[PDB]
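A single chain, nothing else alongside it, follows as structure tokens in the form deposited in one PDB entry.
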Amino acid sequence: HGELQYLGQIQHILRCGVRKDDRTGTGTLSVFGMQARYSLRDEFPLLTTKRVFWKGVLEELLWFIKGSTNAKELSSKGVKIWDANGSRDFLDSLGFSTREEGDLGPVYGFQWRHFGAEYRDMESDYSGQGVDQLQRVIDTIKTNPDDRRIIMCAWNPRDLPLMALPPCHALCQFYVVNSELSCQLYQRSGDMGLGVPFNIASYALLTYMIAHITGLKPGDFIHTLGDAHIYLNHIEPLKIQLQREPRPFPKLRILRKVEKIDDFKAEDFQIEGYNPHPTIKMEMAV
């Protein structure tokens, strides 16, 4: 079972991790550098030891793809994961006093579709400015699948001062061999309790989507971690989760033929056979 690599990482950190203070003031147990491999072949790695917020995964990805940097746009679909980092108080603490609530700055959506464009605000029109990395990845996969440069990068040093949160998913790399598409994510910072399960699902989903558009089979998702950490108030909750036996991963079916990445809608996806254990409350450190 693929899920055993996630649970193995949690237990590796519980026992070898080092105490480390953090930006949030909460404290963490932390390890630097880990890697896990999840198969996408006839299965989809949505964790079963706790229910992962699939609606959030799907809507957050559609939002990235659209190029949005407005947390209220996501919040109005019922997904509140970016609300704390886009709030008035949070934005004021970084010194963005005149920024509208929900304006996260030039984060993923903007960097993926408009890398290098000049950010103004979340409502501006950026059509045709900057580099559309997402569409370039798709185009390269179709014409030169052997390419070792199929990368999408959200980390933009010049824009960091304007971001409410510098991207945790600094970059991802695609790989093709034998008509099978794989993806590796470099995650610089991983909240192992709250974020990583959700982050795994997102990139697996992105890989299914791209595979669908390019006529390829999904292969592997490789998850690479920089600072992999467990917040101190997640230790007891993760201990509960580790008592649970994984159930089989579900499958993902895409329900119509879709030609452009921008045409996918929430209704085109169906998770089949997902039957997780209950959610576990893990407070978000902000």
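Start at 1 with the first residue shown and count on from there. The term rigid core refers to the most C-alpha atoms you can superpose between the two forms while keeping them within 1.5 Å.
Trainee: Tell me whether residue 92 is absent from the model in at least one third of the other entries compared, counting only those where the residues either side are present.
Mentor: Yes, left without coordinates in at least a third.
Trainee: Please confirm whether residue 195, modelled here, goes without coordinates in at least one third of the other compared entries that cover both its neighbours.
Mentor: Residue 195: modelled in every other compared entry.
Trainee: Can you tell me which stretch has the higher mean Cα B-factor, 203 to 211 or 71 to 79?
Mentor: Comparing 71 to 79 with 203 to 211, the higher average CA B-factor belongs to 71 to 79.
Trainee: Between 18 to 26 and 274 to 282, name whichever shows the higher mean Cα B factor according to the PDB entry.
Mentor: The stretch with the larger average C-alpha B-factor is 18 to 26.
Trainee: Between 99, 149, 188, 114, which one tops the list for Cα B-factor in this entry?
Mentor: Checking the PDB record, the top C-alpha B-factor among 99, 149, 188, 114 is at 99.
Trainee: Maximum C-alpha temperature factor per the entry, among 227, 43, 220, 59, belongs to which one?
Mentor: Among 227, 43, 220, 59, the PDB entry lists the largest C-alpha B-factor for 43.
Trainee: Comparing residue 31 with the other modelled residues of its chain, is its CA B-factor in the lowest, middle or highest third?
Mentor: Middle third of the chain for residue 31's C-alpha B-factor.
Trainee: For the chain shown, is the CA B-factor of residue 129 in the lowest, middle or highest third of its modelled residues?
Mentor: It belongs to the highest third of the chain when residues are ordered by C-alpha B-factor.
Trainee: Hey, what third does residue 51 fall into on Cα B-factor, ranked over its chain?
Mentor: As the PDB entry reports it, the C-alpha B-factor of residue 51 lands in the lowest third of its chain.
Trainee: Would you mind checking where the Cα B-factor of residue 233 ranks among the modelled residues of its chain, as the lowest, middle or highest third?
Mentor: Middle third of the chain for residue 233's C-alpha B-factor.
Trainee: Place residue 95 in the lowest, middle or highest third of its chain's C-alpha B-factors, as listed in the PDB entry.
Mentor: As the PDB entry reports it, the C-alpha B-factor of residue 95 lands in the highest third of its chain.
One more form of this protein, deposited in another entry, exists but is not displayed; see below.
Trainee: So which residue among 164, 181, 172, 137 shifts its CA at least 2 Å between the shown form and the other one once the core is superposed?
Mentor: The one that moves 2 Å or more is 164.
Trainee: For a quick test of reading the superposition: does residue 24 move by 2 Å or more at the CA between the shown form and the other one, rigid core aligned?
Mentor: Yes; that C-alpha moves by at least 2 Å between the shown form and the other one.
Trainee: By the 2 angstroms cut-off, has the C-alpha of residue 70 moved between the shown form and the other one once the rigid core is superposed?
Mentor: Shift at residue 70: 2 Å or more after core fit.
Trainee: Align on the rigid core first; then say whether the Cα of residue 147 has moved by at least 2 Å between the shown form and the other one.
Mentor: No, shifts by less than 2 Å.
Trainee: Work out whether the Cα atoms of residue 157 and residue 201 come closer together or move farther apart in the other entry than they are in this form, the change being 3 angstroms or more.
Mentor: Residue 157 and residue 201 sit closer together in the other entry.
Trainee: Considering a change of 3 Å or more, are the Cα atoms of residue 58 and residue 166 closer or farther in the other entry than here?
Mentor: Farther, not closer.
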